[PDB]
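Undergrad: Before I ask anything, here is the structure I am working with.
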Amino acid sequence: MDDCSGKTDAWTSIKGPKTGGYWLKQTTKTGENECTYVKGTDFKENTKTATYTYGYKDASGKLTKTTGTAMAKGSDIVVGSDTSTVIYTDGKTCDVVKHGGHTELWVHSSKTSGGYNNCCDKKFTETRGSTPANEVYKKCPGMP
Numbered sequence: 016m017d018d019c020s021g022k023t024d025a026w027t028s029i030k031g032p033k034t035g036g037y038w039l040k041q042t043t044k045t046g047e048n049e050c051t052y053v054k055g056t057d058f059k060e061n062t063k064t065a066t067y068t069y070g071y072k073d074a075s076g077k078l079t080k081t082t083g084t085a086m087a088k089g090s091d092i093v094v095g096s097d098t099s100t101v102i103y104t105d106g107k108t109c110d111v112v113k114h115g116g117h118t119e120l121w122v123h124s125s126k127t128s129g130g131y132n133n134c135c136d137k138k139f140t141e142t143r144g145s146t147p148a149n150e151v152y153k154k155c156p157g158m159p
């Protein structure tokens, strides 16, 4: 089955499986920071808010770690002045989001080797249109 439509809940995407974290696998953005990631903690179901720790590979190959508060607002994930809009999430293995004109495919740390929900592949292709995808997960340290 291809249960790929209407799976646009931001809170489901913020939480994921509430363990591990997510790596940015592919993006339409060129010059993206390698090993971009998000890990969620401090999950509050009743306010659909969590802490994000997020970052990417620094000059020494180590990850930056910036914290912020992620709020679910319908299909939008809001971190202060930035927003990502969920196109597809399974809350388990992967997400497709629209982030500042760019299309992003995020994959949970358990599925880095493959086998995440193929709705993500479909919806990523649909969303990005003619803009090529770029690989982001290259020579990465561990998830914080």
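According to the entry's author numbering, the sequence shown is numbered sequentially starting from 16. We put the CB at the ideal spot given by N, CA and C, even for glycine.
1) Helix, strand or coil for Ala74 per DSSP?
2) Would you kindly work out how many angstroms separate the C-alpha atoms of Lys80 and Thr66, rounded to a whole number?
3) Count the other C-beta atoms from every protein chain shown that fall within 10 angstroms of the C-beta of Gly70, then say buried if there are 16 or more, exposed otherwise.
4) Would DSSP call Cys135 helix, strand or coil?
5) Look up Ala87 in the DSSP assignment and say whether it is helix, strand or coil.
6) For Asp110 and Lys77, what's the separation of their Cα atoms in angstroms?
7) Roughly how many whole angstroms lie between the Cα atoms of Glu150 and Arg143?
8) By a C-beta neighbour count over all protein chains shown, 10 Å radius and 16 as the cutoff for buried, is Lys154 buried or exposed?
9) With DSSP run on the structure shown, which of helix, strand or coil describes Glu141?
TA: On the basis of the data shown:
1) coil
2) Cα to Cα, the separation comes out at about 12 Å.
3) Under this definition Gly70 is a buried residue.
4) helix
5) strand
6) In a straight line, the C-alpha of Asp110 is about 24 Å away from that of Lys77.
7) 14 Å
8) Of the other Cβ atoms in all chains shown, fewer than 16 fall within 10 Å of the Cβ of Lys154; this residue is therefore exposed.
9) helix
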